[PDB]
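To start, I am sharing the structure in question, which I have written as structure tokens.
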Amino acid sequence: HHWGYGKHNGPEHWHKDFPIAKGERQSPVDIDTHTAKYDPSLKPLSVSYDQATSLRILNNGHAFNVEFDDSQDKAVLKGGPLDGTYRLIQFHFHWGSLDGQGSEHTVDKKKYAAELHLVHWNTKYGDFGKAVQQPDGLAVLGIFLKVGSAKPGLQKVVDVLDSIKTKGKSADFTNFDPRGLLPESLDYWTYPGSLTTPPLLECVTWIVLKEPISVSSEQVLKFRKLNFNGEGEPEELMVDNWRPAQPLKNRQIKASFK
Ligand SMILES: [N]S(=O)(=O)[C][C]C1234B567B89%10B%11%12%13B85%14B%1158B%12%11%15B%139%12B%1061B%12%112C5%153B%14874
Ligand SMILES: [Zn+2]
């Protein structure tokens, strides 16, 4: 009886195994755009993905992860609210059963069809597993997806999903360029928070881009054909793998833009 997203094991149950679920700096949150203060001390964000080396794509039973070789400083996030250098380890998405829900962060209560998370770890801690134990260990870049025109840069991901339909399946996935998933503007909100899945560790500087990317209905429909279950188990479609907004508590959301 492991955590997931259903009636009996979904987000409202996670606190029993992970009591930090009711903590002081949980994610996601609603971004109240009128209360987020512009902070002229924030820097432009520096997204340097030119040398990113993807390795593999995995269905882990709650999303699919595109994993990168993080053994050298190749794809890094710095600047913005961050001190130092954070290395890209993987990306994944959260999505809905329908286009009206799916994102984890909301914007004045607006839910997007999906949300992309590019996960990075602070190189001062040497590895991912050590970084998640530190309040400034991770930087997650959040990008909203709306349904409209196709994102050409997403198609290579969409087209491999039929090869990893079920939990535990993986496929080598080289030479994918994550620059093709970015919007035009790098205007962002930022706030201190957590992983949005168990273990829910309070180790994340969140950087959520204001500008959504557009993906096609066909693209997101292919996300919805994945399965939470393993091969030869009863089919449970991989949909609604999002945690709802959590209490902001004693936190300020800062905007990089006026
Ligand atoms: N949704 S999120 O806050 O970006 C959590 C991403 C992950 B990465 B892999 B383990 B590593 B740990 B667990 B697994 B994926 B979930 C948390 B992180
Ligand atoms: Zn995520």
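All chain A residue numbers match Swiss-Prot; in order, they span 3-260.
Looks like X-ray crystallography, 1.6 Å, at least that's what the header says.
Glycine is treated like the rest: Cβ placed from N, Cα and C.
So Swiss-Prot has the following annotated:
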DOMAIN    3-259  domain 'Alpha-carbonic anhydrase'
SITE      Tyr7  site 'Fine-tunes the proton-transfer properties of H-64'
SITE      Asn62  site 'Fine-tunes the proton-transfer properties of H-64'
ACT_SITE  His64  active site, proton donor/acceptor
SITE      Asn67  site 'Fine-tunes the proton-transfer properties of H-64'
BINDING   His94, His96, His119  Zn(2+) binding site
MOD_RES   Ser165  phosphoserine
MOD_RES   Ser172  phosphoserine
If you run the three-state DSSP split on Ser165 (phosphoserine), which class comes out?
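In the DSSP reduction, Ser165 (phosphoserine) maps to helix.
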By a simple count, how many Cβ atoms lie within 10 Å of the Cβ of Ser165 (phosphoserine), its own Cβ left out?
13
If you draw a 10 Å sphere on the Cβ of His94 (Zn(2+) binding site), how many other Cβ atoms land inside?
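Here the count is 20.
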Mind telling me which of the recorded positions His64, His119 has the densest Cβ neighbourhood, counting other Cβ atoms within 10 Å?
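By the 10 Å Cβ neighbour count, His119 comes out on top.
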Counting only residues 6+ away in sequence within the same chain, which have a CB under 8 Å from the CB of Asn67 (site 'Fine-tunes the proton-transfer properties of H-64')?
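Counting only residues 6 or more apart in sequence, the Cβ neighbours of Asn67 (site 'Fine-tunes the proton-transfer properties of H-64') under 8 Å are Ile59, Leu60, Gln92, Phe93, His94.
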Given the Zn(2+) site residues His94, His96, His119, which other residues of that chain have a Cβ within 8 Å of the mean position of their Cβ atoms, reported in sequence order?
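After dropping the recorded site residues, what remains is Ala65, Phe93, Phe95, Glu106, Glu117, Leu118, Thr198.
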Measure from the Cβ of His96 (Zn(2+) binding site) and count the other Cβ atoms within 10 Å, all protein chains considered.
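Taking all protein chains shown, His96 (Zn(2+) binding site) has 27 Cβ neighbours within 10 Å.
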Considering only the recorded positions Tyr7, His64, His96, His119, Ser165, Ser172, which possess a Cβ situated under 6 angstroms from at least one atom of ligand 1?
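Passing the 6 Å Cβ check against ligand 1: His119.
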What kind of secondary structure is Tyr7 (site 'Fine-tunes the proton-transfer properties of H-64') part of, going by DSSP in three states?
coil
